[PDB]
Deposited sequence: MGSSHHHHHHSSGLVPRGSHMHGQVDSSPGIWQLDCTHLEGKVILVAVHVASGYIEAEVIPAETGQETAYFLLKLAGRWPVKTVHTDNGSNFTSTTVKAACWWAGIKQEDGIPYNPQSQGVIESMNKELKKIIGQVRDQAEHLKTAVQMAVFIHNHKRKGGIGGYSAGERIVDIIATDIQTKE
């Protein structure tokens, strides 16, 4: 569980926000892309895995699970690519609630930014620094450090 992440894809302003959630901490990374394609997903995953020790990613849908480009990135970066079937029904609810939280934050900052990409990065920042108390950014570093030791 220190190396488990979940992809998540949500829409806003006719664009796609792709999110990776670190399952055990709730920490996230996200980007804005015109459309979700295997190539965009694969590049996002290559970025994530160069930054955190990504062991497994649960893909956000069947097209990214199937995509040979996505599997080629998971091979390159040493990631086990898995489905994102919510065997634990609590998963659906947690992601749906995160997307609603992110969109709420984006609306709270939306007028400080000309571009959606800025607002989404401001939302990532507020999400990861929020203390619920430790923050998601504190929890991910604690979890991985504990694992390394």
ask   = When the deposited sequence is counted from residue 1, which ranges lack any model?
value = 1-27, 160-163, 181-183
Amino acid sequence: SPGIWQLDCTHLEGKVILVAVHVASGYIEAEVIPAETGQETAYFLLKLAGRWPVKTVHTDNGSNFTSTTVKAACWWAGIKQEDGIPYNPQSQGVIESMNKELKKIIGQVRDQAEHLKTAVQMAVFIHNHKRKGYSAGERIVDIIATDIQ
From here on, numbers count along this sequence of modelled residues.
query = Where do the C-alpha atoms have the higher mean temperature factor in this entry, in 10-18 or in 122-130?
reply = 10-18
message = If you average the CA temperature factors as listed in the entry, which stretch comes out higher, 23-31 or 94-102?
response = 94-102
key: Top Cα B factor in the deposited entry, candidates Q108, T59, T41, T66   = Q108
key: Third assignment of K47 from its chain's C-alpha B-factors   = lowest
query = Once the chain's modelled residues are ordered by C-alpha B factor and cut into thirds, is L116 in the lowest, middle or highest one?
reply = middle
ask   = What third of its chain's C-alpha B-factors does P89 belong to: lowest, middle or highest?
value = highest
